[PDB]
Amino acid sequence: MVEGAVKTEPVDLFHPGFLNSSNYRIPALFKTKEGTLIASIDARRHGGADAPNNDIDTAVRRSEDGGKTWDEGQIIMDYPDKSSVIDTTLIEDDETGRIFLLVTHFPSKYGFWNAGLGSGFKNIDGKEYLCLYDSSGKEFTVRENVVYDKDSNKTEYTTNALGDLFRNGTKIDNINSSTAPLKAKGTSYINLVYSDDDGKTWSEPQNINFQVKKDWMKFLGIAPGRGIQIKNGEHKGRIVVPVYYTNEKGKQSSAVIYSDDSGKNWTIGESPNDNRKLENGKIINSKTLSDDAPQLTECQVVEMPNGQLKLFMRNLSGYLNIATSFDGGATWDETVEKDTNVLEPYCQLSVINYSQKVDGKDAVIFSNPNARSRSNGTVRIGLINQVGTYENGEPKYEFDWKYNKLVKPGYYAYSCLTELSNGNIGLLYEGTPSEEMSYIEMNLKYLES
């Protein structure tokens, strides 16, 4: 290493036995406005396997000294009996100081492959209510935590936000378990929690599926890592959270959900697959997509100097795919770019804006496995250059991957970056499949060397 270069020796920020979890996957890492680092992760309690073959809880650690020391952690979401929360994402509303963590939630027995269609909510007279089902398949609704039957008679059952099921006020089970007399629909749900004390305490989960999941979506999940809050332009203040979904045919398409009211209400935008123009001119849609090749899956979003959004997406082309939005994530330009300078082995990636210019250019930082497998973990600095304009007159931005640094030889899978208070880069990465999750700090002198 050159003199002054910083690449800290890896710290196992999560590992077998921490919080009595045997396994860990899916890192998220975020520096709050106050300067605290929040790291979130799936505590996979029965091996590394994805839902439904596990019981997965959400864990958090905090650092108040720039990542040099970390607290003893806490579990912030835990559903019973193999109902899992998987794939976390972190963002903050800088106006209110509220930190958000969102995650995908499945009842017991459900996961990506067998999620049922739709939101799991039903409209009764203008409001969406979570449905519950008994053993005969009869449908009930939960209205302000009171269970009503199909004839709108109040039953003896109530619920709470965690899904506990109470009979005349006594807990008997939980609507997410394999044994409850009333169960939620077996599908994915987006859950949201928040902290107003810099990550020390967290709310109980809000189920926002009724706002963001459409009737024709089977799986709808958080794309893990981080979100953004838009800094420039007409959508300044919008909180943007990457997601992805499958249609009835099981084919995956990326999107973002977003909030213009500090996280109170959410909307899902279109996918880049909606009215996408494929390489030779075929027009597709995420609702009708029937082929594997154009799928767009996990993704992360960054903001260009004028506010334009770029969605970096896991896909099946072997290379990075990038979509562009002129309207704050509501829709995407018809052309998804393939960047053959950036291998993408079908794995989650991390990309963040960087606050200072590099070589006279606005820059982003990027992390993924630079290979055709989950290996050769590489952190890149991409310099933003405008190369002309679209037909609508908007600027066209391209990335120059000028610096590309191998940080993890051997296994490298999911990862998440953050800029640190000192201008350096923190990185939490899967350097093992599902055991030790490693944290390092790197400076730009190292990354450019």
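One-based numbering along the sequence shown.
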| item | value |
| --- | --- |
| Selected stretch [higher average CA B-factor]: 342-350 or 150-158 | 150-158 |
| Which of 244-252 and 82-90 has higher mean CA B factor, as the PDB entry lists it | 244-252 |
| Of the residues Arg276, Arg314, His235, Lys357, the one carrying the largest Cα B-factor as recorded | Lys357 |
| Highest recorded Cα temperature factor - choice among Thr104, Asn114, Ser367, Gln295 | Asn114 |
| Relative C-alpha B-factor of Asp215, binned into the chain's lowest, middle or highest third | highest |
| Third assignment of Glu270 from its chain's C-alpha B-factors | lowest |
| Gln386 - Cα temperature factor, lowest/middle/highest third of chain | highest |
| Position of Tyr429 among the chain's modelled residues by C-alpha B-factor, lowest, middle or highest third | lowest |
| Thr418 - Cα temperature factor, lowest/middle/highest third of chain | lowest |
